[PDB]
Amino acid sequence: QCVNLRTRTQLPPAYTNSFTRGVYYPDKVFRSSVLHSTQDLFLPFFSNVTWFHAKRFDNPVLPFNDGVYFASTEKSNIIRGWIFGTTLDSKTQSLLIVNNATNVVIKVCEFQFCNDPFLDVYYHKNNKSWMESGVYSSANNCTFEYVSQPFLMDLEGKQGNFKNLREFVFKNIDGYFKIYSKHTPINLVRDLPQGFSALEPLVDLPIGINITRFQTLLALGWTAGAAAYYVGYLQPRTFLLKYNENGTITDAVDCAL
Amino acid sequence: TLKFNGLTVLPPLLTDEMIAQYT
Amino acid sequence: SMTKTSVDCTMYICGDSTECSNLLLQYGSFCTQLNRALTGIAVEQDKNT
Amino acid sequence: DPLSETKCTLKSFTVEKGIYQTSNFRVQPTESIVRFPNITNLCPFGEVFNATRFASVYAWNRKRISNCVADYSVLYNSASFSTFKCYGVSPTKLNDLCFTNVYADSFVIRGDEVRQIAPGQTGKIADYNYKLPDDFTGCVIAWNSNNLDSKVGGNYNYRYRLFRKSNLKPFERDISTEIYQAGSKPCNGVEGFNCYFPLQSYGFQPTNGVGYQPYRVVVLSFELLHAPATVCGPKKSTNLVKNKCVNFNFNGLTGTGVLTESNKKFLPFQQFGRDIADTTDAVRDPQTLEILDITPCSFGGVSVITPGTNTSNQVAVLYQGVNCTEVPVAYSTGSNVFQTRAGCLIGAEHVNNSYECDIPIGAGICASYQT
Amino acid sequence: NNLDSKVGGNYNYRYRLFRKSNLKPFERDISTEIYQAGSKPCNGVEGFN
Ligand SMILES: *[C@@H]1O[C@H](CO)[C@@H](O[C@@H]2O[C@H](CO)[C@@H](O[C@H]3O[C@H](CO)[C@@H](O)[C@H](O)[C@@H]3O)[C@H](O)[C@H]2NC(C)=O)[C@H](O)[C@H]1NC(C)=O
Ligand SMILES: *[C@@H]1O[C@H](CO)[C@@H](O[C@@H]2O[C@H](CO)[C@@H](O)[C@H](O)[C@H]2NC(C)=O)[C@H](O)[C@H]1NC(C)=O
Ligand SMILES: *[C@@H]1O[C@H](CO)[C@@H](O[C@@H]2O[C@H](CO)[C@@H](O)[C@H](O)[C@H]2NC(C)=O)[C@H](O)[C@H]1NC(C)=O
Ligand SMILES: *[C@@H]1O[C@H](CO)[C@@H](O[C@@H]2O[C@H](CO)[C@@H](O)[C@H](O)[C@H]2NC(C)=O)[C@H](O)[C@H]1NC(C)=O
Ligand SMILES: *[C@@H]1O[C@H](CO)[C@@H](O[C@@H]2O[C@H](CO)[C@@H](O)[C@H](O)[C@H]2NC(C)=O)[C@H](O)[C@H]1NC(C)=O
Ligand SMILES: *[C@@H]1O[C@H](CO)[C@@H](O[C@@H]2O[C@H](CO)[C@@H](O)[C@H](O)[C@H]2NC(C)=O)[C@H](O)[C@H]1NC(C)=O
Ligand SMILES: *[C@@H]1O[C@H](CO)[C@@H](O)[C@H](O)[C@H]1NC(C)=O
Ligand SMILES: *[C@@H]1O[C@H](CO)[C@@H](O)[C@H](O)[C@H]1NC(C)=O
Ligand SMILES: *[C@@H]1O[C@H](CO)[C@@H](O)[C@H](O)[C@H]1NC(C)=O
Ligand SMILES: *[C@@H]1O[C@H](CO)[C@@H](O)[C@H](O)[C@H]1NC(C)=O
Ligand SMILES: *[C@@H]1O[C@H](CO)[C@@H](O)[C@H](O)[C@H]1NC(C)=O
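Undergrad: If you had to explain the interface of chain D and chain A to someone new, which residues and values would you point to?
TA: Contacts between the two partners involve 18 residues from chain D, matched on the other side by 20 residues from chain A. Both sides together, the interface formed by chain D and chain A hides about 1,600 Å², and carbon and sulfur atoms give 59% of it. For the salt bridge of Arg31 of chain A with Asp278 of chain D, the shortest nitrogen-to-oxygen distance reads 2.7 Å. Among the elements that make up the side of chain D that touches chain A, the one with the highest residue count is strand β16 (residues 272-274) of chain D (three residues). Counted by class, the side of chain D that touches chain A contains seven nonpolar, six polar and five charged residues. Pairing of strand β2 (residues 29-30) of chain A with β16 of chain D, which is carried by two bridges, proceeds in the parallel orientation. By the bridge assignment for β16 of chain D, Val29 of chain A is matched with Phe272 of chain D.

Structure, rendered in structure tokens:
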């Protein structure tokens with residue numbers, strides 16, 4: 001059911017510096033005390049990445065090209081899910097990821113969407129806090145379901161008074177789509193942080209579909225919280241990675257920097 | 001500051017204590 | 001003197017496989033030639049010392 | 001004997017004094033071991049083959065399947081199917097096989113029509129509602145169900161599609177109830193001469209002749225090997241063995257080594273340990289989570305020490321860097337055995353008296369022939 | 001065809017459709033014994049599967 005709002009005209013997108021951010025464990029292999037090099041799609045260090053921030057509301061569509069670093073410094077969980085597909089009309093399958101207060105659903109039915117689809121915090125409609133339907137009409141060719149518990153839950157440190165950064169890498173390769181992530185506390189007004197921490201693989205899914213575009217789903221004549229989200233596109237390069245005595249990636253260098 | 005695949009390292013006839021002794 | 005080294009030429013080339021080891025027999029004496037080359041060095045490390 | 005193993009390798013009958021290299025020693029794997037993930041989320045076979053009610057064949061069901069394990073042991077091994085035929089696998093091999101998309105079609109027919117569910121057939125069920133393609137590479141499971149679906153008045157709930165303008169395509173389904181025209185005349189309203197309603201309902205009665213009696217069909221259709229695998233047969237696993245050399249497999253990490261318990265702690269997502277060389281040095285157990293050091297099965301040169309054949313035919317053997325405790329797997333009778341920085345030395349005596357070096361054994365040791 | 005073939009079927013020529021495995025080089029099997037495609041053992045001249 002479309003609740004259209006063409007309210008904000010397309011604007012000139014902000015850029016911000018991604019420092020030494022968005023490195024992830026290449027494979028499920030422990031290597032320790034060691035300076036291993038590797039080839040995979042990584043975020044180029046120091047690159048400018050597109051900066052968006054939620055009368056502070058941001059909701060654009062944008063393309064996808066092999067892989068993405070998504071990240072958000074946010075308070076009170078306004079951000080919640082993702083659409084990925086190649087046409088977004090039901091000619092093609094398009095996978096959905098939605099999270100609520102706890103649960104995730106992942107679904108690959110050929111959803112027919114909207115120009116401007118989203119879910120807000122459900123009220124009225126069918127009834128308070130409704131099923132994650134509102135983005136689309138048709139399920140009937142539901143090729144896939146999967147579901148999980150806490151995909152993006154809170155961390156305390158006295159009630160999350162800071163903005164706590166949540167980082168996600170989205171990748172499709174060889175018919176596996178894959179996620180890797182981290183959450184951490186920091187005290188910074190408007191940038192993605194200078195500093196270093198690794199994204200571990202969170203989930204994997206044999207979806208096997210062409211994927212080309214994506215859109216963030218964030219909740220709300222209407223009022224809501226407001227914070228930043230960043231998109232950077234991964235690139236085919238070579239890294240040297242330092243794994244500590246405990247076999248965690250503790251520092252990285254980007255050979256082409 | 002200092003076996004695999006059929007590759008092997010063989011020990012010296014003059015062990016470091018014998019080298020320490022000749023020296 | 002440097003570290004003495006010695007190699008099982010079958011275990012390097014054809015490690016845990018008869019199937020490869022047959023295809024290696026076609027080349028004949030080369031593995032023993034390599035072994036001698038390494039056994040020569042290895043005697044000379046004791047000799048130098 | 002080891003002396004002949006020199007004479008052979010040196011290609012000589014008399015041999016001069018010295019230490020001589022022969023074939024390498026290498027411990028053989030005590031057994032094969034197979035470690036795989038527990039058989040877990042099984043496929044919906046109880047809802048497919050054990051669903052209380054079936055469809056009619058005209059309106060044949062298509063239960064799509066994904067994200068599960070396809071153990072058939074509670075399937076083929078049970079006598080409850082009078083007609084399970086596979087058409088492109090041994091039905092034994094299914095547990096050791098994998099499938100891409102899966103679609104369980106479920107419906108009821110006459111027993112004398114079950115034959116028409118096999119590929120490349122004719123008769124009203126093949127011709128007008130269900131028709132398998134001539135290269136069908138699924139499997140077909142059917143059974144007499146007289147005692148489940150027959151009715152004393154005839155079970156007219158189940159029904160076939162008797163009339164059709166033309167004979168249909170593989171995996172076409174028709175929900176039309178429009179009136180068939182058996183003549184050249186056009187048909188209008190609901191009924192008339194050579195107007196026919198195109199369905200008919202089965203007289204499945206428990207008294208029916210065998211063949212006539214109702215039969216339940218499940219077609220395990222699957223279209224294969226064009227997308228990433230999301231359903232598979234169960235990868236059977238086996239007890240863990242330790243402190244012995246073995247051919248191992250962990251989750252398709254096939255290899256060989258002595259397995260030992262590791263002190264390394266892996267963060268929850270990891271399963272393998274790799275060295276500076278990027279060679280595999282440790283692995284997690286996929287059932288009973290703990291980390292294991294892979295140590296490649298003990299191996300090293302066999303070197304035969306000898307006085308010249310022009311002097312004596314008594315000899316000794318060095319296993320280079322092997323601990324004596326590993327040699328017995330092979331002169332493993334022992335009797336004269338000594339363990340050294342160089343390896344395990346077999347066939348010789350130790351003497352505290354430091355003679356001058358004679359034959360070098362390495363790592364501070366030499367050997368000689370004396371009273 | 002002109003020497004060996006007859007209009008209703010010269011079935012005097014036979015091959016083998018099933019076997020315990022793949023025969024070794026220059027091996028000849030004269031066997032006629034009933035093959036077991038099914039799990040069931042099958043004494044006698046015939047049986048289901
Ligand atoms: C449909 O559902 C039936 C009920 O679950 C199921 O019957 C079950 O069959 C199994 C295997 O034949 C039995 O398991 C036991 O088999 C013997 C005893 O007969 C024991 O030696 C074994 O250890 C094992 O416990 C179940 O007892 C039996 N269940 C009952 C109570 O009937 C059918 O097999 C199912 N069919 C399909 C197609 O799913
Ligand atoms: C969060 O989302 C989950 C997943 O969709 C919701 O769980 C479903 O809730 C309905 C109604 O109770 C059930 O019919 C489904 O079967 C549930 N799914 C599963 C997998 O159990 C949950 O209700 C949502 N919670 C909130 C607070 O929105
Ligand atoms: C969504 O439904 C359509 C139509 O049923 C599917 O398209 C079929 O795909 C199969 C497999 O490649 C082909 O054999 C058919 O010829 C296709 N039919 C049509 C009308 O295009 C499509 O695959 C479905 N997608 C998902 C994800 O289930
Ligand atoms: C690797 O991780 C271990 C475990 O977190 C660290 O060992 C801990 O060290 C702290 C501080 O001395 C102690 O409070 C803990 O008792 C230790 N844990 C254990 C299990 O003994 C270790 O310091 C880490 N190493 C590095 C280089 O970061
Ligand atoms: C594989 O299955 C076994 C059970 O069959 C699981 O191991 C059990 O773990 C619990 C909790 O420690 C014990 O009470 C049981 O005795 C264990 N069972 C056995 C047979 O040892 C194990 O968790 C399963 N594999 C995985 C990866 O979860
Ligand atoms: C050969 O291996 C044995 C073990 O099989 C070693 O014996 C161990 O030696 C240490 C140190 O004295 C003791 O703590 C252990 O209790 C011993 N184990 C056993 C099973 O006796 C032996 O030291 C090894 N020798 C060489 C030369 O490597
Ligand atoms: C970064 O953005 C600036 C605009 O502020 C642009 O001039 C520059 O070319 C960009 N560099 C890269 C590597 O994207
Ligand atoms: C809202 O109504 C639906 C039926 O439309 C019902 O299943 C659900 O439990 C209701 N939710 C609440 C919170 O009352
Ligand atoms: C989508 O997939 C098809 C088939 O694999 C391919 O031909 C086409 O180029 C793809 N399109 C894009 C935009 O990647
Ligand atoms: C070799 O053996 C012969 C007996 O066949 C013996 O007479 C001779 O002394 C030996 N020569 C050497 C070089 O030891
Ligand atoms: C030789 O001396 C060592 C001590 O250096 C002693 O341990 C060993 O038992 C002695 N061997 C004999 C045979 O007396």
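Undergrad: Can you tell me about the state of the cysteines, naming the residues and giving the values?
TA: All names here are of chain D. Scanning the entire structure with this criterion turns up eleven disulfides over all chains. Linked covalently through their sulfurs, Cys187 and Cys195 form a disulfide whose S-S length is 2.0 Å. With the S-S dihedral at roughly 125°, the linkage between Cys187 and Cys195 falls on the right-handed side. The two residues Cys187 and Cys195 agree in class, both being buried. A sulfur-sulfur separation of 2.0 Å characterises the disulfide bridge that pairs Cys357 with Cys366.

Undergrad: I'd like to hear about the pattern of salt bridges, residue by residue, with values.
TA: All told, the structure shown has 21 salt bridges over all chains when counted by the stated rule. Residue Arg19 of chain E is joined to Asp29 of chain E by a salt bridge in which the shortest nitrogen-to-oxygen separation is 3.8 Å. In the salt-bridge network here, residues are joined through shared partners; they are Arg161, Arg164, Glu172 and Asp174 of chain D.

Undergrad: Describe helix α1 (residues 2-9) of chain D, naming the residues involved and giving the relevant values.
TA: Residue and element names in this part refer to chain D. Along α1, the residues classified as buried are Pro2, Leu3 and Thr6. With its buried residues spanning 110° around the axis, α1 presents them on a single face. Residues of α1 that are buried in the fold lie against β1 (18-26), β19 (299-306) and β20 (316-320). Positive backbone phi, approximately 55°, marks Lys11, located one or two places after α1.

Undergrad: Quick one: what's the story with the arrangement of the chains, residue by residue and with numbers?
TA: Counting contacts across all five pairs of chains that touch, the top pair turns out to be chains A and D. Separated in space, chain A and chain B share no contact, their closest pair of C-alpha atoms being 15 Å apart. Looking at chain A next to chain E, you find no contact at all, with the nearest C-alpha pair sitting 35 Å apart.

Undergrad: Give a detailed account of the site of ligand 2, specifying residues and quantitative values.
TA: All names here are of chain A. Close to ligand 2 lie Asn100, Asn103, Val105 and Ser129. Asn100 is positioned with one of its side-chain polar atoms (N or O) 2.3 Å from an oxygen atom of ligand 2. Take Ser129: an N or O atom from its side chain is 3.2 Å from an oxygen atom of ligand 2. Here the shell around ligand 2 is composed, by residue class, of one nonpolar, three polar and no charged.

Undergrad: Any chance you could break down the UniProt feature "disulfide bond" in chain C for me, citing the residues and the numbers?
TA: Residue and element names in this part refer to chain C. Formation of the UniProt disulfide linking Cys9 with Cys31 is confirmed by an inter-sulfur distance of 2.0 Å, under the 2.5 Å limit. Within this pair, whereas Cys9 is found in helix α1 (residues 9-13), its partner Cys31 is found in helix α3 (residues 30-48), the two being separated by 22 residues in sequence. In this structure the UniProt-annotated cystine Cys14-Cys20 is intact, with an S-S distance of 2.0 Å. Classification of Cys20 by relative accessible area gives partly exposed; the value is 27%.

What counts, and where the lines are drawn
- Residues numbered from 1 in each chain as written, not as in the entry; some residues may be left out.
- Chains lettered and ligands numbered in written order.
- Part of a larger assembly, values for the part shown.
- Heavy atoms only, no water.
- Contact = heavy atoms within 4.5 Å.
- Buried area = accessible area lost by both parts, 1.4 Å probe.
- Salt bridge = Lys/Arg side-chain N within 4 Å of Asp/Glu carboxyl O.
- Helix = DSSP H or I, 4+ residues; strand = E, 2+ residues; numbered from the N terminus.
- Nonpolar A, V, L, I, M, F, W, Y, C, P; charged D, E, K, R; others polar.
- Pairing = 2+ DSSP bridges.
- Disulfide = S-S within 2.5 Å.
- Buried < 20%, exposed > 50% of the residue type's maximum accessible area, 1.4 Å probe, protein only.
- Arc of directions from axis to C-beta.
- Near = heavy atom within 4 Å.
- Polar contact = N/O pair within 3.5 Å; in protein donor to acceptor, adjacent residues only side chain to side chain.
- UniProt positions renumbered as here; feature names shortened; annotations may be inferred.

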